[PDB]
Each structure stands twice: as structure tokens, then as C-alpha cells.
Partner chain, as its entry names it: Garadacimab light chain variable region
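One chain is shown next in C-alpha cells, namely the form deposited without its partner chain.
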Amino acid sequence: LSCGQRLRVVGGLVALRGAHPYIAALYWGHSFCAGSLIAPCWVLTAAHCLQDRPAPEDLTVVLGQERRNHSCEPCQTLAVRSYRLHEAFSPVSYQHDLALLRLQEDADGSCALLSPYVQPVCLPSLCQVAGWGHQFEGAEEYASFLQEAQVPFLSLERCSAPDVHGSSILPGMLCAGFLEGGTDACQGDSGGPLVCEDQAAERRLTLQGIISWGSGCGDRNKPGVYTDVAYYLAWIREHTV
């Protein structure tokens, strides 16, 4: 498939190489964030990851990772040429929590080299959250292997209820998970994906959300809040030329 091809977090299971070929790991200093390769030179992440404005030259993007800590011969390490946070991102409400990383092209104009293990994810036009974050709130360490968990969408009516997130859910956000708790994104999953298999398009992986924020991890009535990628389609297309 041109995009969304697939080869093979609290309450998740290990996601081996090729399960999320689009997932990107972003490193700088002692900080980390996840992202999604949406085109060979473009990675979509959360704006809150880059609030402190690290210099692009200090960033490293790694594609093809299974364990974050291992050196991996087929994995692709790329420099970041520049990045763009959404101009409306608010560090107080977390509205408009999205950012684009423009990967550094080589002498031949190439960034990510596509393979069975590295493939872009489709943009919108069943659902899982993935990441290397804490496997429970307060965990001393990030997960060693990439984790994946199946989480369903929650309507704006149910997520904006007073016992759930109330008035905190603003336009551009969506919720996914369970009101029962137990399965969700957690600290360290920032910027990562919420991908769905598009039944209408041969089950191709489609990026529906960006892991943004949560009140706890897997708590009852507190599902994870994601940036609604479909809400920003024109912004993404406008800034990825």
C-alpha cells in the first residue's frame, strides 16, 4: 500500500518491528517524544513536546525501532531540518497540540527510505494507541519494547460529561479509551499515534489522533485525550509542501 501498510501505554502488549512501521522516536538531551511518519520527509508529533524550543540540530529521529535502547542496523537515524508547532498551541489548555518535523534530506533529496519495517501512515480522508511510555502511572522506567493497546473512540458527548473531562475537551481534541479504565496512553507516550484500520481502504493504518494529555493513566472515567488529526487536515497539508 502507498500508505498505512503493516507487516505483522497501560494494558498493552509488545508491538514488534513492522507492527507500526510509521512510528518515529524523537530524542534530544534527556528528553523523548514519539511521532508518526506521514510522508518520507515529515513526522507529525505533539506541540507540547517541543514547548521549550530545542534547536533542530539537537534532535534525532529514529525510524524502525522495536526497543528504544538497542542499536539497530536497519533502523534509520535522521537529523531534523526544522519543525513547526501549530501557531495556536496553548500550553495551558493543550488545544491545538500538534507539530510537524521536517526531516533532513540527504544530498539526493531523500529522507526516510521505505521498507517492510518503515512506511508512512495514512492521514484521514480497529483502533490502537502505541508507545514506549510508562506501563502504569508512576512507573520508574519507560517501556523497553514498543507497546500497543486497542482503544475505541469515545463520543464528544460522553468525554465532555462532568465526571469524565467536562469543559476541558475543546475543538480539535478527541477521546479514546474506556470509561472502565485499565487501558490507555501514559507519560512518555506524548506525540505517539492513535491509528485505525480504514475498512473502506483495505484496512490501511490511518492516523486518527496524536497522544496529547490525560488525567492519570487508565483511571476510571479518565480516558486519554488526543489531538484530532482530521480536524487539522488542511493545516497539515498546507505546511507539508
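Residue numbers count along the first chain shown, from 1.
We do not show the form solved in complex with its partner chain, though everything after this point is about it.
Chemist: With its partner chain left out of view, which of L170, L126, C72, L113 would have a heavy atom within 4.5 Å of it in the bound PDB entry?
Modeler: The option sitting close enough to the partner is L170.
Chemist: Please pick, from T77, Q150, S82, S90, the one residue with any non-hydrogen atom lying within 4.5 angstroms of its partner chain in the bound PDB entry.
Modeler: Going through each option in turn, the one that passes is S90.
Chemist: Residue-level question: is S160 within 4.5 Å of its partner chain in the bound PDB entry, judged on heavy atoms?
Modeler: No, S160 is distant from the partner.
Chemist: Residue-level question: is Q104 within 4.5 Å of its partner chain in the bound PDB entry, judged on heavy atoms?
Modeler: Residue-level check for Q104: no, no contact with its partner chain.
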